[PDB]
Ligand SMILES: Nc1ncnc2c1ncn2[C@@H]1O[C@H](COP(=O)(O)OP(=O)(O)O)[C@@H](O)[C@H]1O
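So this first bit is one chain, no partners, the form solved without this ligand, shown in structure tokens.
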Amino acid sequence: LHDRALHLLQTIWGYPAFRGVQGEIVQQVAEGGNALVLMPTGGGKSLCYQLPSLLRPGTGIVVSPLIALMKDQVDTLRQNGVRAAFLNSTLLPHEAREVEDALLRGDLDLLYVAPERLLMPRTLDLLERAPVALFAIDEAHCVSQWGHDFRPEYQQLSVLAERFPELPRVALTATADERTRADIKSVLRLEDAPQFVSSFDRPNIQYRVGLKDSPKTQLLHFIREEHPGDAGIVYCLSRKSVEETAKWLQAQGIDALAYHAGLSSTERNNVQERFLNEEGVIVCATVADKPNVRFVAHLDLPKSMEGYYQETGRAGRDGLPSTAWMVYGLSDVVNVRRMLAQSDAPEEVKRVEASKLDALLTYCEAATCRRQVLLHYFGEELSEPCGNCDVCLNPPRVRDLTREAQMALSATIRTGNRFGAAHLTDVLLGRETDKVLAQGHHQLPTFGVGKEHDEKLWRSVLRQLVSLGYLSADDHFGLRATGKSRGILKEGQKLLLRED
């Protein structure tokens, strides 16, 4: 039955019914199923394994790297009535030995365990002789070279599905990169599992991106015209831009404070309180709570879509209207691409950072609703334009390349989703390269159907289709038509570029 969940739901959490897709989620893991759960961070996401752990006999085994964070998940839980504990190598050998006893005696509802502890051959043996309700892999993205913090530990969690096939696995993440969603499925065998996407949308936050032009001038005009005495956060890239901006703001009568990794650990706690407890304070920070936050300003490009979402997301936590306002230019993209180039990072990190940036730039350049593009990155599809973003409200002039997008998508399909942008372009142009003649492509009916345009436009159309996920690359430069391709091909969706 589904309703014992509800009795525990509000006898413990205090919510009268599930939110969005969580009812579906809790039922699937409680009836012994597997699951892929993608949600913004929050105690609603924790509900998805904590509640099933209460519903099924035995202990939920929660895998997480945040061992520093850990000790207040049990503290939170041990006053609701729930029994939970921590197992990791920060512990003394007697203490480690008594959580184990407690585990073996069916005394815990939840066991939080660092990957380091879990993957030890000894630890996996205890589990075999302990009453286990499930495995929850939190922050599942870590298995991936792509999505966030890779960890060498995390891609060994292969083993849960091996040594414990019969026990349910639910993997939950807040960073749902599309290459990363795919890689989690592979490590924890959830290819065959349902994948659940709860909404990332924050409807009350209006999204704006625009061109940098005297950014300190632009900002002040924004703050006075639209958020005169309200609490806001202004993010800057460097510790020096925080300092100087913070006192530039003070100079114009705005109660601004600096907040960075740098100076004193007392002021930092001091700055938090002034923000947390007073009204109309603006904090300037690099990367690093208040229910009352009316805007988030970006005066430089964030490092990623993940970061941008978490940062803008600190706004409007009281459900009321808030603005996310960002300007970038010129030099911001150049400065970034130069650092990627002079970075001493490993090959895959250079590969990840380049698509991170491509993703972000693609969002910055949206010719249609920004929100749709943003939410798509996290695997959420918003059917209709939102009506609360600068693109929606002030539509830019667009070039329609829908017809060309269709030609391109068919071209890659009748050639088997394997040739590269340049080759496809040859076919489109009706050029009898020898690579072409070798595959017979010279008299497919699609050959030269694109002779109308030159080489430069097609490569452009192709990047655009790649960036928006109508094509998928990482075949090694071969382009595959994705499922999303039906949109342009059959369901009337349009490909629009900014007129620029």
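All residue numbers are counted from 1 along the displayed sequence.
A second form of this protein, the form solved in complex with this ligand, is not displayed here; the remarks below concern that form.
Visitor: Should the pocket be classed as open or blocked once this ligand, positioned as in the deposited bound form, is overlaid via C-alpha superposition of the site (3 or more ligand atoms within 2.4 Å of backbone or C-beta atoms defines blocked)?
Guide: After the site C-alphas are aligned, the pocket of the shown chain is blocked to the transferred ligand.
Visitor: Could you work out which of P445, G43, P57, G32 is the residue within 4.5 angstroms of this ligand in the deposited bound form, going by heavy atoms?
Guide: The residue in contact is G43.
Visitor: May I ask you to state whether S485 is within 4.5 Å of this ligand in the deposited bound form, using heavy atom distances?
Guide: Outside the cut-off, so no.
Visitor: Is there any non-hydrogen atom of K490 lying within 4.5 Å of this ligand in the deposited bound form?
Guide: Judged by the heavy-atom cut-off of 4.5 Å, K490 is well away from this ligand in the deposited bound form.
Visitor: Using a 4.5 Å heavy atom cut-off, which stretch among 34-42, 433-441, 446-454, 463-471 contacts this ligand in the deposited bound form?
Guide: Going by heavy atoms within 4.5 Å, the stretch is 34-42.
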